[PDB]
Structure formats: C-alpha cells, structure tokens
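Structure file coords.csv (CSV, N, CA, C and O atoms) is printed below.
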```csv
chain,number,residue,atom,x,y,z
N,2,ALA,N,57.0,-12.5,-4.7
N,2,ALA,CA,56.6,-13.9,-4.4
N,2,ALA,C,55.6,-14.0,-3.3
N,2,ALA,O,54.4,-14.2,-3.5
N,3,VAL,N,56.0,-13.9,-2.0
N,3,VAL,CA,55.1,-13.9,-0.8
N,3,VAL,C,54.5,-12.5,-0.6
N,3,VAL,O,55.2,-11.5,-0.8
N,4,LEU,N,53.3,-12.4,-0.1
N,4,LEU,CA,52.6,-11.1,0.1
N,4,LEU,C,53.0,-10.6,1.5
N,4,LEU,O,52.6,-11.2,2.5
N,5,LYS,N,53.6,-9.4,1.6
N,5,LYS,CA,54.0,-8.8,2.8
N,5,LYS,C,53.4,-7.4,3.0
N,5,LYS,O,53.1,-6.7,2.0
N,6,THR,N,53.1,-7.0,4.2
N,6,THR,CA,52.4,-5.7,4.5
N,6,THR,C,53.2,-4.5,4.1
N,6,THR,O,52.6,-3.4,3.9
N,7,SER,N,54.5,-4.6,3.8
N,7,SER,CA,55.3,-3.5,3.1
N,7,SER,C,54.7,-3.1,1.8
N,7,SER,O,54.8,-1.9,1.4
N,8,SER,N,53.9,-3.9,1.1
N,8,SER,CA,53.2,-3.6,-0.1
N,8,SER,C,51.9,-2.8,0.2
N,8,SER,O,51.4,-2.2,-0.8
N,9,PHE,N,51.4,-2.8,1.4
N,9,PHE,CA,50.2,-2.1,1.7
N,9,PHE,C,50.4,-0.6,2.1
N,9,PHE,O,49.5,0.2,1.9
N,10,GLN,N,51.5,-0.3,2.7
N,10,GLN,CA,51.8,1.0,3.2
N,10,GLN,C,50.7,1.7,4.1
N,10,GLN,O,50.3,2.8,3.8
N,11,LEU,N,50.2,1.0,5.0
N,11,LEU,CA,49.1,1.4,5.9
N,11,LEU,C,49.5,2.6,6.7
N,11,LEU,O,50.6,2.7,7.3
N,12,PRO,N,48.6,3.6,6.9
N,12,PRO,CA,48.9,4.8,7.7
N,12,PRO,C,48.8,4.5,9.2
N,12,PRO,O,48.0,3.6,9.7
N,13,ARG,N,49.6,5.2,10.1
N,13,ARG,CA,49.6,5.0,11.5
N,13,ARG,C,48.3,5.3,12.2
N,13,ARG,O,47.6,6.2,11.8
N,14,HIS,N,48.0,4.6,13.3
N,14,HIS,CA,46.9,5.0,14.1
N,14,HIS,C,47.2,6.2,14.9
N,14,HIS,O,48.2,6.3,15.6
N,15,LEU,N,46.3,7.2,15.0
N,15,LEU,CA,46.5,8.5,15.7
N,15,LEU,C,45.9,8.4,17.0
N,15,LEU,O,44.7,8.1,17.1
N,16,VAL,N,46.6,8.8,18.1
N,16,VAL,CA,46.1,8.6,19.5
N,16,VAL,C,45.7,9.9,20.0
N,16,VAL,O,46.4,10.9,19.9
N,17,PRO,N,44.5,10.0,20.7
N,17,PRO,CA,44.0,11.3,21.2
N,17,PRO,C,44.8,11.9,22.3
N,17,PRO,O,45.6,11.3,22.9
N,18,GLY,N,44.6,13.2,22.5
N,18,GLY,CA,45.3,14.0,23.5
N,18,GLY,C,46.6,14.6,23.0
N,18,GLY,O,47.2,14.2,22.0
N,19,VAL,N,47.1,15.6,23.7
N,19,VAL,CA,48.4,16.2,23.5
N,19,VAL,C,49.3,16.1,24.8
N,19,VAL,O,48.8,16.3,25.9
N,20,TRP,N,50.6,15.7,24.6
N,20,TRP,CA,51.5,15.6,25.7
N,20,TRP,C,52.3,16.9,25.8
N,20,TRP,O,52.8,17.4,24.8
N,21,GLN,N,52.4,17.5,27.0
N,21,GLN,CA,53.0,18.8,27.3
N,21,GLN,C,53.9,18.7,28.5
N,21,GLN,O,53.5,18.1,29.5
N,22,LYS,N,55.1,19.4,28.5
N,22,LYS,CA,55.7,19.8,29.8
N,22,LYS,C,54.8,20.8,30.5
N,22,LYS,O,54.1,21.6,29.9
N,23,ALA,N,54.9,20.8,31.8
N,23,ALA,CA,54.1,21.8,32.7
N,23,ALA,C,54.8,23.1,32.7
N,23,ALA,O,56.0,23.2,32.6
N,24,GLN,N,54.1,24.2,33.0
N,24,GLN,CA,54.6,25.6,33.2
N,24,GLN,C,54.4,26.1,34.6
N,24,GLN,O,53.4,26.0,35.2
N,25,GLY,N,55.4,26.8,35.1
N,25,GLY,CA,55.3,27.5,36.4
N,25,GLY,C,54.3,28.7,36.3
N,25,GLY,O,54.3,29.5,35.4
N,26,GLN,N,53.3,28.7,37.2
N,26,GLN,CA,52.3,29.7,37.3
N,26,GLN,C,52.8,31.0,38.0
N,26,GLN,O,53.9,31.1,38.5
N,27,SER,N,52.0,32.1,38.1
N,27,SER,CA,52.3,33.3,38.8
N,27,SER,C,52.5,33.0,40.3
N,27,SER,O,51.6,32.4,40.9
N,28,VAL,N,53.6,33.5,40.9
N,28,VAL,CA,53.7,33.6,42.3
N,28,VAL,C,53.1,34.8,42.9
N,28,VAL,O,52.4,34.7,43.9
N,29,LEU,N,53.1,36.0,42.2
N,29,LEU,CA,52.6,37.2,42.7
N,29,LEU,C,51.1,37.1,42.8
N,29,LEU,O,50.5,37.6,43.8
N,30,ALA,N,50.3,36.5,41.9
N,30,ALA,CA,48.9,36.3,42.0
N,30,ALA,C,48.5,35.4,43.3
N,30,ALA,O,47.4,35.5,43.8
N,31,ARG,N,49.4,34.6,43.7
N,31,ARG,CA,49.2,33.7,44.9
N,31,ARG,C,49.6,34.4,46.2
N,31,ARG,O,48.9,34.3,47.2
N,32,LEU,N,50.7,35.1,46.2
N,32,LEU,CA,51.3,35.8,47.4
N,32,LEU,C,50.6,37.1,47.7
N,32,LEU,O,50.4,37.5,48.9
N,33,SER,N,50.2,37.9,46.7
N,33,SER,CA,49.5,39.2,46.8
N,33,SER,C,48.1,39.1,46.2
N,33,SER,O,47.9,38.8,45.0
N,34,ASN,N,47.1,39.4,47.0
N,34,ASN,CA,45.7,39.5,46.4
N,34,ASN,C,45.6,40.7,45.4
N,34,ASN,O,46.1,41.8,45.7
N,35,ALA,N,44.9,40.5,44.4
N,35,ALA,CA,44.5,41.6,43.5
N,35,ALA,C,43.6,42.6,44.2
N,35,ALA,O,42.6,42.2,44.8
N,36,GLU,N,43.9,43.9,44.2
N,36,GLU,CA,42.9,45.0,44.5
N,36,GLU,C,42.1,45.4,43.3
N,36,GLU,O,42.6,45.4,42.2
N,37,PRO,N,40.8,45.7,43.5
N,37,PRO,CA,40.0,46.3,42.4
N,37,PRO,C,40.7,47.6,42.0
N,37,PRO,O,40.9,48.5,42.9
N,38,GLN,N,40.9,47.9,40.7
N,38,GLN,CA,41.5,49.1,40.2
N,38,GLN,C,40.7,49.6,39.0
N,38,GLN,O,40.2,48.9,38.1
N,39,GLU,N,40.6,51.0,38.9
N,39,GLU,CA,40.1,51.7,37.7
N,39,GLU,C,41.3,52.0,36.8
N,39,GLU,O,42.4,52.3,37.2
N,40,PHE,N,41.0,52.0,35.5
N,40,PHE,CA,42.0,52.1,34.5
N,40,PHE,C,42.8,53.5,34.7
N,40,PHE,O,42.2,54.5,34.8
N,41,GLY,N,44.1,53.4,34.6
N,41,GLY,CA,45.0,54.5,34.9
N,41,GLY,C,46.0,54.3,36.1
N,41,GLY,O,45.9,53.3,36.8
N,42,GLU,N,47.0,55.2,36.2
N,42,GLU,CA,48.0,55.1,37.3
N,42,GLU,C,47.3,55.3,38.7
N,42,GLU,O,46.5,56.2,38.8
N,43,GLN,N,47.7,54.6,39.7
N,43,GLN,CA,47.2,54.7,41.1
N,43,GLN,C,48.2,55.5,41.9
N,43,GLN,O,49.4,55.5,41.5
N,44,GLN,N,47.8,56.2,42.9
N,44,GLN,CA,48.7,56.9,43.9
N,44,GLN,C,48.4,56.4,45.3
N,44,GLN,O,47.3,56.4,45.7
N,45,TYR,N,49.4,56.1,46.1
N,45,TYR,CA,49.4,55.6,47.4
N,45,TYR,C,50.1,56.5,48.4
N,45,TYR,O,51.2,57.1,48.0
N,46,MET,N,49.7,56.7,49.6
N,46,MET,CA,50.3,57.7,50.5
N,46,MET,C,51.1,56.9,51.6
N,46,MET,O,50.6,55.9,52.2
N,47,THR,N,52.3,57.3,51.8
N,47,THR,CA,53.3,56.7,52.7
N,47,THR,C,53.8,57.7,53.8
N,47,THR,O,54.1,58.9,53.4
N,48,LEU,N,54.0,57.3,55.0
N,48,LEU,CA,54.8,58.0,56.0
N,48,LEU,C,56.3,57.9,55.8
N,48,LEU,O,56.8,56.8,55.8
N,49,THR,N,57.0,59.0,55.6
N,49,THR,CA,58.4,59.0,55.4
N,49,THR,C,59.2,59.0,56.8
N,49,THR,O,60.1,58.3,57.0
N,50,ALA,N,58.7,59.8,57.8
N,50,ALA,CA,59.3,59.9,59.1
N,50,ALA,C,58.2,60.2,60.2
N,50,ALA,O,57.4,61.0,60.0
N,51,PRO,N,58.3,59.5,61.4
N,51,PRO,CA,57.4,59.9,62.5
N,51,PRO,C,58.0,61.1,63.3
N,51,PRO,O,59.2,61.4,63.1
N,52,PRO,N,57.2,61.8,64.1
N,52,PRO,CA,57.7,62.8,65.0
N,52,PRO,C,58.5,62.2,66.2
N,52,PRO,O,58.3,61.0,66.5
V,2,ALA,N,87.6,-62.7,48.8
V,2,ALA,CA,87.2,-61.3,48.9
V,2,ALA,C,85.8,-61.2,49.5
V,2,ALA,O,85.0,-62.1,49.4
V,3,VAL,N,85.6,-60.1,50.3
V,3,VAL,CA,84.3,-59.8,50.9
V,3,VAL,C,83.4,-59.1,49.9
V,3,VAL,O,83.8,-58.3,49.1
V,4,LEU,N,82.1,-59.3,49.9
V,4,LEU,CA,81.1,-58.7,49.0
V,4,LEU,C,80.8,-57.3,49.4
V,4,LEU,O,80.1,-57.0,50.3
V,5,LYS,N,81.5,-56.3,48.6
V,5,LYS,CA,81.2,-54.9,48.7
V,5,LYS,C,80.0,-54.5,47.7
V,5,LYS,O,79.9,-55.1,46.7
V,6,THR,N,79.3,-53.5,48.1
V,6,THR,CA,78.1,-53.0,47.2
V,6,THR,C,78.6,-52.4,45.9
V,6,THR,O,77.8,-52.4,45.0
V,7,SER,N,79.9,-52.0,45.8
V,7,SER,CA,80.4,-51.5,44.5
V,7,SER,C,80.2,-52.6,43.4
V,7,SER,O,80.0,-52.2,42.2
V,8,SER,N,80.1,-53.9,43.7
V,8,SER,CA,79.9,-55.0,42.8
V,8,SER,C,78.6,-54.9,42.1
V,8,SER,O,78.5,-55.4,41.0
V,9,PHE,N,77.5,-54.4,42.8
V,9,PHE,CA,76.2,-54.3,42.2
V,9,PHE,C,76.0,-53.2,41.2
V,9,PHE,O,75.0,-53.2,40.5
V,10,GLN,N,76.8,-52.1,41.2
V,10,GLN,CA,76.7,-50.9,40.4
V,10,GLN,C,75.2,-50.3,40.5
V,10,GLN,O,74.6,-50.0,39.5
V,11,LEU,N,74.7,-50.2,41.8
V,11,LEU,CA,73.3,-49.8,42.0
V,11,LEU,C,73.0,-48.4,41.3
V,11,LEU,O,73.8,-47.5,41.4
V,12,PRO,N,71.8,-48.3,40.7
V,12,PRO,CA,71.3,-47.0,40.2
V,12,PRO,C,71.1,-46.0,41.3
V,12,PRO,O,70.7,-46.3,42.4
V,13,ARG,N,71.4,-44.7,41.0
V,13,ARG,CA,71.0,-43.6,41.9
V,13,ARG,C,69.5,-43.4,42.1
V,13,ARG,O,68.8,-43.7,41.2
V,14,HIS,N,69.1,-43.0,43.2
V,14,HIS,CA,67.7,-42.5,43.4
V,14,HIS,C,67.5,-41.2,42.8
V,14,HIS,O,68.3,-40.3,42.8
V,15,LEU,N,66.3,-41.0,42.1
V,15,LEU,CA,66.0,-39.7,41.4
V,15,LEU,C,65.0,-38.9,42.2
V,15,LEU,O,63.8,-39.4,42.3
V,16,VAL,N,65.4,-37.8,42.7
V,16,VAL,CA,64.6,-37.0,43.6
V,16,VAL,C,63.6,-36.0,42.9
V,16,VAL,O,64.1,-35.4,41.9
V,17,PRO,N,62.3,-35.9,43.3
V,17,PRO,CA,61.4,-35.1,42.5
V,17,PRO,C,61.8,-33.6,42.4
V,17,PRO,O,62.5,-33.0,43.3
V,18,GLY,N,61.2,-32.9,41.5
V,18,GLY,CA,61.3,-31.4,41.3
V,18,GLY,C,62.6,-31.0,40.6
V,18,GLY,O,63.5,-31.8,40.4
V,19,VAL,N,62.7,-29.7,40.2
V,19,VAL,CA,63.8,-29.1,39.5
V,19,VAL,C,64.2,-27.8,40.3
V,19,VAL,O,63.4,-27.1,40.9
V,20,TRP,N,65.5,-27.6,40.4
V,20,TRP,CA,66.1,-26.4,41.2
V,20,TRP,C,66.5,-25.3,40.2
V,20,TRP,O,67.2,-25.6,39.2
V,21,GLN,N,66.1,-24.1,40.4
V,21,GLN,CA,66.3,-22.9,39.6
V,21,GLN,C,66.8,-21.7,40.3
V,21,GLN,O,66.2,-21.3,41.3
V,22,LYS,N,67.7,-20.9,39.8
V,22,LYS,CA,67.9,-19.5,40.1
V,22,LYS,C,66.8,-18.7,39.5
V,22,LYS,O,66.6,-18.9,38.3
V,23,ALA,N,66.2,-17.8,40.2
V,23,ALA,CA,65.1,-17.0,39.6
V,23,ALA,C,65.6,-16.0,38.6
V,23,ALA,O,66.8,-15.7,38.6
V,24,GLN,N,64.7,-15.4,37.9
V,24,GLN,CA,64.9,-14.3,37.0
V,24,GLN,C,64.1,-13.1,37.3
V,24,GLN,O,62.9,-13.2,37.7
V,25,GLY,N,64.6,-11.9,37.2
V,25,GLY,CA,63.9,-10.6,37.4
V,25,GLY,C,62.8,-10.4,36.3
V,25,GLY,O,63.0,-10.7,35.1
V,26,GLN,N,61.6,-10.0,36.7
V,26,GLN,CA,60.5,-9.7,35.9
V,26,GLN,C,60.6,-8.4,35.2
V,26,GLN,O,61.5,-7.6,35.4
V,27,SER,N,59.7,-8.0,34.2
V,27,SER,CA,59.7,-6.7,33.6
V,27,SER,C,59.4,-5.6,34.6
V,27,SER,O,58.4,-5.7,35.3
V,28,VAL,N,60.2,-4.5,34.6
V,28,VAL,CA,59.9,-3.3,35.3
V,28,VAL,C,58.9,-2.4,34.5
V,28,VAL,O,58.0,-1.8,35.1
V,29,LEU,N,59.1,-2.4,33.2
V,29,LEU,CA,58.2,-1.6,32.3
V,29,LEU,C,56.8,-2.0,32.4
V,29,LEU,O,55.9,-1.2,32.5
V,30,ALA,N,56.5,-3.3,32.5
V,30,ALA,CA,55.1,-3.8,32.7
V,30,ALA,C,54.4,-3.4,34.0
V,30,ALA,O,53.2,-3.4,34.1
V,31,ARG,N,55.2,-3.0,35.0
V,31,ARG,CA,54.7,-2.6,36.3
V,31,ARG,C,54.6,-1.1,36.4
V,31,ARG,O,53.6,-0.6,36.9
V,32,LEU,N,55.6,-0.4,36.0
V,32,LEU,CA,55.7,1.1,36.0
V,32,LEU,C,54.8,1.8,35.0
V,32,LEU,O,54.3,2.9,35.3
V,33,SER,N,54.7,1.3,33.8
V,33,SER,CA,53.8,1.8,32.8
V,33,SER,C,52.6,0.9,32.6
V,33,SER,O,52.8,-0.3,32.2
V,34,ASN,N,51.3,1.4,32.8
V,34,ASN,CA,50.1,0.6,32.4
V,34,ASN,C,50.1,0.4,30.9
V,34,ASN,O,50.5,1.3,30.1
V,35,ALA,N,49.7,-0.8,30.4
V,35,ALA,CA,49.5,-1.1,29.0
V,35,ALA,C,48.2,-0.3,28.6
V,35,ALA,O,47.2,-0.2,29.2
V,36,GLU,N,48.3,0.3,27.4
V,36,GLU,CA,47.1,0.8,26.7
V,36,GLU,C,46.6,-0.2,25.6
V,36,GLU,O,47.4,-1.0,25.1
V,37,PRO,N,45.3,-0.2,25.3
V,37,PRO,CA,44.8,-1.1,24.2
V,37,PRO,C,45.2,-0.5,22.9
V,37,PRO,O,45.2,0.7,22.7
V,38,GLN,N,45.7,-1.3,22.0
V,38,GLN,CA,46.2,-1.0,20.7
V,38,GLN,C,45.7,-1.9,19.5
V,38,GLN,O,45.7,-3.1,19.7
V,39,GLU,N,45.5,-1.3,18.4
V,39,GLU,CA,45.4,-2.1,17.1
V,39,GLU,C,46.7,-2.3,16.5
V,39,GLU,O,47.7,-1.7,16.8
V,40,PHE,N,46.8,-3.3,15.6
V,40,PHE,CA,48.1,-3.8,15.0
V,40,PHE,C,48.7,-2.7,14.1
V,40,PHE,O,48.1,-2.2,13.2
V,41,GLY,N,50.0,-2.4,14.3
V,41,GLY,CA,50.7,-1.4,13.5
V,41,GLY,C,51.2,-0.2,14.4
V,41,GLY,O,50.9,-0.1,15.6
V,42,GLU,N,52.1,0.6,13.8
V,42,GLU,CA,52.6,1.8,14.4
V,42,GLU,C,51.6,2.8,14.8
V,42,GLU,O,50.6,3.0,14.1
V,43,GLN,N,51.8,3.5,15.9
V,43,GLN,CA,50.9,4.5,16.5
V,43,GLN,C,51.6,5.9,16.4
V,43,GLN,O,52.8,6.0,16.4
V,44,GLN,N,50.8,6.9,16.4
V,44,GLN,CA,51.3,8.3,16.4
V,44,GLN,C,50.7,9.1,17.5
V,44,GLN,O,49.5,9.1,17.7
V,45,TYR,N,51.5,9.9,18.2
V,45,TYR,CA,51.2,10.7,19.4
V,45,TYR,C,51.6,12.2,19.2
V,45,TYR,O,52.6,12.4,18.4
V,46,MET,N,50.9,13.1,19.8
V,46,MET,CA,51.1,14.5,19.5
V,46,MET,C,51.7,15.3,20.7
V,46,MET,O,51.3,15.1,21.8
V,47,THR,N,52.8,16.1,20.5
V,47,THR,CA,53.5,16.7,21.5
V,47,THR,C,53.6,18.2,21.3
V,47,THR,O,53.8,18.7,20.2
V,48,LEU,N,53.5,19.0,22.4
V,48,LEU,CA,53.8,20.4,22.4
V,48,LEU,C,55.3,20.6,22.5
V,48,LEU,O,56.0,20.2,23.5
V,49,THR,N,56.0,21.2,21.5
V,49,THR,CA,57.4,21.5,21.5
V,49,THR,C,57.8,22.8,22.2
V,49,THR,O,58.7,22.8,23.0
V,50,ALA,N,57.0,23.9,22.1
V,50,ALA,CA,57.2,25.1,22.8
V,50,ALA,C,55.9,25.9,23.0
V,50,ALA,O,55.0,25.9,22.2
V,51,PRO,N,55.8,26.5,24.2
V,51,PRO,CA,54.6,27.4,24.5
V,51,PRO,C,54.7,28.8,24.0
V,51,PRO,O,55.8,29.3,23.7
V,52,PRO,N,53.6,29.5,23.8
V,52,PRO,CA,53.6,30.9,23.4
V,52,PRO,C,54.2,31.8,24.6
V,52,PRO,O,54.2,31.3,25.7
```
This entry written out as structure tokens:
Amino acid sequence: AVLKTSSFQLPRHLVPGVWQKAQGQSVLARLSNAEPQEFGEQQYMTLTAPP
Amino acid sequence: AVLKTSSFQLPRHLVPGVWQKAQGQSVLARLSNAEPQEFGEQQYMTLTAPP
C-alpha cells in the first residue's frame, strides 16, 4: 500500500580509511645503534682477565 | 463581626518566570566530533589482525 525504502534495498555508503590497533615498535633499534656490517658472521675481541 | 480580608477571597499575585531543575547535556556530542553523512547506513573498514 504505502511506499517504504525497504522496497529499495539501497547499498551502504562506504567511508574512506582503515581503522587499526597500534603495534609496539623495536626497542633494540632505539636503544642500540646499528653498526654497518658485511654479510656473514662477525667476531669481536674481549678481555677475559686483567694482570 | 469585624471585617477580615478572608471575606474578599483575594486572588494570588502571579510572579514572572518558571523554575526548573537542569538536565545534563550529551557527552557523546562533546567527546566525539560529528562527521558529515548522507542518509542511510554507513560502512567502515577495520584491521582484525596484523602479519
């Protein structure tokens, strides 16, 4: 009898952007500077005991 | 009998203005900014899990 928008079945408006929870970043990259390295295992020299 | 003012049934004086207990306003209208919208349901996109 009466015309209602349920008869039209209109699609939703889509809103730009994405909503996200934030992620914790590296602590080691902040606390320790990167040294320049060549590909492969490194070796470092340490004193075990003084005289 | 002595003439008392009860005999005249005098009308009360009617004082200007109305007295009200206040009502709290919307908190959602203050804490969330309104976005512009067209009529009907809207759809928003969310990240459920990161890689």
Q | Contact set, chain N to chain V: 6 Å, only N, CA, C and O atoms, as a ChimeraX atom specification | A | /N:12-22
Least-squares fit of chain N onto chain V (C-alpha, ordered pairing) as a compact mmCIF listing (two decimals) with N, CA, C and O atoms, in the coordinates of the input:
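File result.txt, as written:
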```
# COMPACT_ATOMS: atom_id res chain seq x y z
N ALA N 2 86.19 -62.42 47.97
CA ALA N 2 85.97 -63.06 49.29
C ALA N 2 84.71 -62.62 49.95
O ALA N 2 83.68 -63.30 49.98
N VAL N 3 84.66 -61.41 50.59
CA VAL N 3 83.44 -60.80 51.23
C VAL N 3 82.57 -60.13 50.15
O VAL N 3 83.11 -59.52 49.23
N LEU N 4 81.28 -60.12 50.31
CA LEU N 4 80.34 -59.54 49.32
C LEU N 4 80.18 -58.05 49.68
O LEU N 4 79.61 -57.73 50.72
N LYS N 5 80.50 -57.13 48.75
CA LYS N 5 80.40 -55.75 48.92
C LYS N 5 79.53 -55.08 47.84
O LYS N 5 79.44 -55.60 46.70
N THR N 6 78.80 -54.05 48.16
CA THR N 6 77.83 -53.39 47.22
C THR N 6 78.49 -52.79 46.02
O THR N 6 77.79 -52.58 44.98
N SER N 7 79.81 -52.61 45.97
CA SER N 7 80.58 -52.29 44.69
C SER N 7 80.36 -53.31 43.63
O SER N 7 80.36 -52.96 42.41
N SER N 8 79.97 -54.55 43.89
CA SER N 8 79.64 -55.57 42.96
C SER N 8 78.19 -55.39 42.42
O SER N 8 77.93 -56.03 41.36
N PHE N 9 77.35 -54.64 43.07
CA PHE N 9 76.01 -54.47 42.62
C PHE N 9 75.81 -53.31 41.59
O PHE N 9 74.89 -53.37 40.79
N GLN N 10 76.60 -52.29 41.70
CA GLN N 10 76.49 -51.12 40.89
C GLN N 10 75.06 -50.45 40.78
O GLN N 10 74.59 -50.25 39.68
N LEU N 11 74.44 -50.30 41.84
CA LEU N 11 73.06 -49.78 41.97
C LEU N 11 72.97 -48.39 41.42
O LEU N 11 73.79 -47.48 41.70
N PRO N 12 71.89 -48.04 40.67
CA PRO N 12 71.71 -46.69 40.12
C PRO N 12 71.20 -45.72 41.19
O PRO N 12 70.46 -46.08 42.20
N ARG N 13 71.55 -44.37 41.12
CA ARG N 13 71.15 -43.39 42.06
C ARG N 13 69.66 -43.15 42.16
O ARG N 13 68.97 -43.24 41.17
N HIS N 14 69.16 -42.77 43.34
CA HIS N 14 67.81 -42.33 43.41
C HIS N 14 67.63 -40.98 42.86
O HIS N 14 68.33 -40.03 43.18
N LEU N 15 66.59 -40.70 42.05
CA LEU N 15 66.33 -39.41 41.36
C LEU N 15 65.38 -38.67 42.14
O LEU N 15 64.28 -39.18 42.42
N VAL N 16 65.62 -37.36 42.43
CA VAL N 16 64.75 -36.56 43.35
C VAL N 16 63.99 -35.63 42.53
O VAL N 16 64.50 -34.94 41.66
N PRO N 17 62.64 -35.47 42.80
CA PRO N 17 61.79 -34.58 41.98
C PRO N 17 62.08 -33.13 42.10
O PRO N 17 62.75 -32.69 42.95
N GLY N 18 61.61 -32.37 41.12
CA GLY N 18 61.81 -30.93 41.02
C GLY N 18 63.07 -30.54 40.27
O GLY N 18 64.01 -31.31 40.08
N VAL N 19 63.14 -29.30 39.84
CA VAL N 19 64.31 -28.68 39.26
C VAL N 19 64.77 -27.40 40.08
O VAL N 19 63.92 -26.62 40.50
N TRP N 20 66.11 -27.30 40.34
CA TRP N 20 66.63 -26.18 41.05
C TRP N 20 67.12 -25.14 40.04
O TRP N 20 67.81 -25.47 39.08
N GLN N 21 66.73 -23.86 40.20
CA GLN N 21 66.97 -22.73 39.29
C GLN N 21 67.45 -21.53 40.06
O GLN N 21 66.87 -21.21 41.10
N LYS N 22 68.45 -20.74 39.50
CA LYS N 22 68.53 -19.31 39.90
C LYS N 22 67.30 -18.57 39.42
O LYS N 22 66.69 -18.87 38.41
N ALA N 23 66.99 -17.52 40.14
CA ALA N 23 65.78 -16.59 39.78
C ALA N 23 66.21 -15.66 38.71
O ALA N 23 67.34 -15.26 38.60
N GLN N 24 65.27 -15.11 37.94
CA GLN N 24 65.43 -14.05 36.89
C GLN N 24 64.71 -12.77 37.24
O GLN N 24 63.61 -12.71 37.63
N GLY N 25 65.37 -11.66 36.95
CA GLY N 25 64.75 -10.32 37.08
C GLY N 25 63.63 -10.13 36.00
O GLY N 25 63.77 -10.42 34.84
N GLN N 26 62.42 -9.79 36.47
CA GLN N 26 61.28 -9.55 35.66
C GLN N 26 61.30 -8.15 34.97
O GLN N 26 62.15 -7.32 35.19
N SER N 27 60.33 -7.79 34.09
CA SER N 27 60.18 -6.51 33.48
C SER N 27 59.95 -5.44 34.56
O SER N 27 59.03 -5.60 35.36
N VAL N 28 60.70 -4.32 34.50
CA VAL N 28 60.34 -3.14 35.18
C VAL N 28 59.38 -2.27 34.50
O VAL N 28 58.43 -1.79 35.11
N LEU N 29 59.39 -2.19 33.11
CA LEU N 29 58.55 -1.35 32.37
C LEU N 29 57.14 -1.86 32.47
O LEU N 29 56.18 -1.04 32.59
N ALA N 30 56.78 -3.16 32.46
CA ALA N 30 55.48 -3.68 32.64
C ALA N 30 54.86 -3.29 34.10
O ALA N 30 53.66 -3.24 34.26
N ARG N 31 55.71 -3.07 35.01
CA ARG N 31 55.31 -2.68 36.41
C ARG N 31 55.16 -1.17 36.55
O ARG N 31 54.21 -0.69 37.17
N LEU N 32 56.06 -0.41 36.00
CA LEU N 32 56.12 1.10 36.09
C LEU N 32 55.15 1.76 35.15
O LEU N 32 54.52 2.83 35.47
N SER N 33 54.94 1.26 33.92
CA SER N 33 54.03 1.76 32.87
C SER N 33 52.93 0.75 32.59
O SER N 33 53.17 -0.41 32.18
N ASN N 34 51.69 1.17 32.75
CA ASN N 34 50.55 0.25 32.30
C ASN N 34 50.56 0.07 30.75
O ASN N 34 50.74 1.05 30.01
N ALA N 35 50.25 -1.06 30.35
CA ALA N 35 49.97 -1.33 28.93
C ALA N 35 48.73 -0.59 28.45
O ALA N 35 47.68 -0.69 29.09
N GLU N 36 48.78 0.20 27.37
CA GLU N 36 47.56 0.64 26.59
C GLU N 36 47.12 -0.36 25.58
O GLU N 36 47.93 -1.04 24.99
N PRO N 37 45.79 -0.52 25.41
CA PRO N 37 45.28 -1.34 24.28
C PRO N 37 45.83 -0.73 22.99
O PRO N 37 45.58 0.51 22.74
N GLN N 38 46.37 -1.51 22.03
CA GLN N 38 46.87 -1.06 20.77
C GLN N 38 46.41 -2.01 19.67
O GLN N 38 46.35 -3.25 19.75
N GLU N 39 46.10 -1.40 18.45
CA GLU N 39 45.89 -2.14 17.19
C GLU N 39 47.23 -2.25 16.48
O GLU N 39 48.08 -1.39 16.47
N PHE N 40 47.36 -3.37 15.75
CA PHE N 40 48.59 -3.73 15.15
C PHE N 40 49.02 -2.56 14.11
O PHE N 40 48.26 -2.18 13.31
N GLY N 41 50.29 -2.23 14.17
CA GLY N 41 50.84 -1.10 13.44
C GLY N 41 51.44 0.08 14.29
O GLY N 41 51.30 0.07 15.51
N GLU N 42 52.18 0.98 13.62
CA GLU N 42 52.79 2.14 14.33
C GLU N 42 51.66 3.08 14.92
O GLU N 42 50.73 3.34 14.20
N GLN N 43 51.85 3.63 16.06
CA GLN N 43 50.93 4.59 16.73
C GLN N 43 51.47 5.99 16.53
O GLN N 43 52.72 6.11 16.34
N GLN N 44 50.66 6.99 16.48
CA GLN N 44 51.07 8.45 16.47
C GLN N 44 50.44 9.16 17.65
O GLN N 44 49.29 9.08 17.84
N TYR N 45 51.18 9.99 18.37
CA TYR N 45 50.86 10.73 19.50
C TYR N 45 51.04 12.23 19.31
O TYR N 45 52.09 12.62 18.62
N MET N 46 50.26 13.12 19.80
CA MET N 46 50.37 14.55 19.47
C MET N 46 50.91 15.27 20.76
O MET N 46 50.43 15.04 21.91
N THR N 47 51.90 16.07 20.57
CA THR N 47 52.66 16.81 21.59
C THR N 47 52.61 18.36 21.37
O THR N 47 52.80 18.78 20.16
N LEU N 48 52.49 19.15 22.37
CA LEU N 48 52.80 20.58 22.36
C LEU N 48 54.28 20.91 22.37
O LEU N 48 54.94 20.51 23.30
N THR N 49 54.80 21.58 21.36
CA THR N 49 56.17 21.92 21.28
C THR N 49 56.48 23.29 22.07
O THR N 49 57.39 23.40 22.79
N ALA N 50 55.56 24.31 21.94
CA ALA N 50 55.70 25.58 22.59
C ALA N 50 54.28 26.20 22.91
O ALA N 50 53.45 26.17 22.11
N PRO N 51 54.12 26.80 24.16
CA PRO N 51 52.87 27.54 24.40
C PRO N 51 52.97 29.00 23.86
O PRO N 51 54.10 29.43 23.53
N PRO N 52 51.85 29.70 23.69
CA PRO N 52 51.86 31.09 23.36
C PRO N 52 52.34 32.00 24.54
O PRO N 52 52.27 31.53 25.71
```
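Relative to CA of residue 11 (chain N), CA of residue 37 (chain V) is found at 19.0 Å.
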(Q) I need the residues of chain N that end up classed as strand (DSSP E or B) by DSSP on the backbone, written out as a list in words. (A)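 Restricting chain N to strand (DSSP E or B) produces residues 14, 15, 16, 17, 18, 19 and 20 of chain N.
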Q) What residues in chain N get the DSSP label helix (DSSP H, G or I)? Please answer as number ranges by chain. A) N: 6-8, 29-32
